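Down below is the structure, laid out as structure tokens.
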């Protein structure tokens, strides 16, 4: 906004802003027993099995 | 016993310790898996090269006990 005092005039301006992503990583660890993974494949035998 | 139940098999226990040959005569084999025991003779199945499968408990692994 210009005005009538002794101040210098104002040229038009311009702004340039640079933004960037930030990577994030997540990891969870599961253990599974070897007998558990095995007997999911071994055959049905008896009602207690 | 007092120790002479085993030392009668090796009559060289005094002399293998002097010259130092006793470490050359042992070969480490590995942990037990199964022992089927009789009166005069005991059968022993041990494990080399990895984790031996347990006999009596299924789906199980015999670890080494020290």
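Ideal geometry is used to build each Cβ from the backbone, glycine not excepted, and the neighbour counts take in all protein chains shown. Bear in mind that the values in this text are calculations on the coordinates, not laboratory data.
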Taking residue A:30 as the residue in question, decide whether it is away from chain B (no Cβ under 14 Å) and over 30 Å from residue B:53 (Cα atoms). no
Identity of the residue in region B:1-42, in contact (Cβ under 8 Å) with a residue 12 or more places away in the chain and not in a loop (DSSP other than H, G, I, E, B), that ends up nearest to residue B:65 (Cα to Cα): B:32
Do we have residue B:7 as under 30 Å from residue A:39 (Cβ atoms), more than 13 Å from the chain's Cα centre (by Cα) and surrounded by 10 or more Cβ atoms within 10 Å (Cβ to Cβ) here? no
Answer yes or no: is there a residue in region A:8-26 that is more than 14 Å from every other protein chain (Cβ to nearest Cβ), part of a loop (DSSP other than H, G, I, E, B) and either touching a residue at least 24 places away in the same chain (Cβ under 8 Å) or within 30 Å of residue B:53 (Cβ to Cβ) (or both). no
Among the residues of region B:35-63, how many are surrounded by fewer than 12 Cβ atoms within 10 Å (Cβ to Cβ) and over 21 Å from residue A:38 (Cα atoms)? 13
